[PDB]
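Take a look at this single chain, the form deposited in one PDB entry, given in structure tokens.
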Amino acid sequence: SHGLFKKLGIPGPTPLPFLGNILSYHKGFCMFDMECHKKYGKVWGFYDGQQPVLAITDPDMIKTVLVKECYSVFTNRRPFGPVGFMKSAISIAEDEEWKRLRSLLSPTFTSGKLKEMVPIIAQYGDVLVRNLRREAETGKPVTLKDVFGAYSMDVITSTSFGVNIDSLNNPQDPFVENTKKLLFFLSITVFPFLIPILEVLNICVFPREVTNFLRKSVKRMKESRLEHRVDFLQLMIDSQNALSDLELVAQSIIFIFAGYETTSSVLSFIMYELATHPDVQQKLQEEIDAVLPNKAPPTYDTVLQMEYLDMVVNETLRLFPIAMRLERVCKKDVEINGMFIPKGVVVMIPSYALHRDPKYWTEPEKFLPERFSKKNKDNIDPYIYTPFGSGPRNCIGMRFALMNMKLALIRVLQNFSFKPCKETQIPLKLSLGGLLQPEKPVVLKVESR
């Protein structure tokens, strides 16, 4: 196994027996990939345990793996841990099973279902500013992930399920509290031969306590709808006239998690960039005041007209690409762009590394929204810039995410400016676990306009 890259003539860091390159992870995924990129160039190989990984950085090659040969060769992500009934979730599902779920869930986020959600998301936006207004009344430092996550949970559960769980007004919220706790891998990558063992043992990477709750909760929601609109929950209900009850719950838990956690983390990172770059925050507030005169309620069309808001969201996602790597399993021997790729190798695209690459971005360490204007919208390669992946298995929730984040942004900036305080960690630093998160929570002061 460990001589494979040697044999192909692919450079990379020498593997230890059994562990592979796992120890290099002490400094985090991001740095490992950044160093390997500097040291080895456009292509390199390394071993997660005994699992060979081929990192690629050449735009043409990326397109081929993410786009042209998605269905034939590069359809699936790496098999994932002991997972239970969560095996059925779209992100983990494989080949035909993946295709039919993708096709079933693809309509959840069409243009028109987005537009029809703006009314709903906007009622939560007002509750969000109402919450932040009270906290601004005291001058108390705000941990934005709490306030953003409560908002994110309300939005996803009401857009997807038709239920107002009222997370914003409820400090003890079971949904938030459970959904976060659903979060070892070191031991297993050194030993993947264990995962199939842990089916028998029916243990999981999330507590039974959390999946119990969510199963119950979504079941209640289904039955509620059975005893109106067309959402994510109807789509799955309609298919059941070929989805099973467990499959339905599986997709629910993915959407619930992603709608809650990804949106809230990115929103906190944006606010951090706006707090530390007052001029960018000022200029964003001027665009929003000019598109929405006199604090006017956001609409679908008006969100599309905010060119600077889009540049700020994109630039934050360049610096903070919460996936950090994209992956696909090579499912049969193939040669693409002059290079041979054997079957069962993981092909990996190091987005975080590429987002910071001086060949592609001038001053890539700096928050510079203007790199995303129509002036430069063309100097930016879509295979280098991948905050949401690319091709047929890109992030299905991408437009939901952008719209939801933008609406939260318009509302909050229409009412407040954000500033650092004694509690903000300046130079923000990143946690060194396998999740793109701040070392400390983003805390900022909130002031009324």
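We call the rigid core the largest set of C-alpha positions that still match within 1.5 Å between the two forms. Note that residue numbering begins at 1 and tracks the sequence as displayed.
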Output yes if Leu183 is unmodelled in at least a third of the other compared entries of this protein, no if it is modelled in all of them.
yes
Do a third or more of the other compared PDB entries fail to give coordinates for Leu226?
yes
Sequence continuity check, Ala296 and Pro297 (deposited residues unmodelled):
none
Please figure out whether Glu227 and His228 are truly consecutive in the deposited sequence or have unmodelled residues between them, and give none, 1 to 3, 4 to 9, or 10 or more.
4 to 9
Which is higher on mean Cα B factor in this entry, 368-376 or 314-322?
368-376
On average, which has the higher Cα B-factor in the deposited entry, 111-119 or 342-350?
111-119
Among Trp98, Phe175, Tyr272, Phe255, where is the Cα temperature factor highest, going by the PDB entry?
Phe175
One of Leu182, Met153, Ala89, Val73 has the largest Cα B-factor in the entry, namely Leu182
State the tercile, meaning the lowest, middle or highest third, of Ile10 with respect to the CA B-factors recorded for its chain.
lowest
Pull the Cα B-factor of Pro278 out of the PDB entry and bin it into the chain's lowest, middle or highest third.
lowest
Of the three thirds of the chain ranked by Cα temperature factor, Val142 occupies the highest
Assigned third (lowest, middle, highest) for the C-alpha B factor of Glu69
lowest
Third of chain Cα B-factors occupied by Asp238
highest
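Just so you know, the form deposited in another entry exists too; it's not on screen, but the next bit is about it.
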If you fit the rigid core between the shown form and the other one, which of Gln172, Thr362, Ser103, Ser72 ends up with a C-alpha shift of 2 Å or more?
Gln172
So with the core overlaid, does the Cα of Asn212 end up 2 Å or more away between the shown form and the other one?
yes
Is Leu292 one of the residues whose Cα moves 2 Å or more between the shown form and the other one, with the core superposed?
no
Relative to the superposed rigid core, does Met306 relocate between the shown form and the other one - that is, does its Cα move 2 Å or more?
no
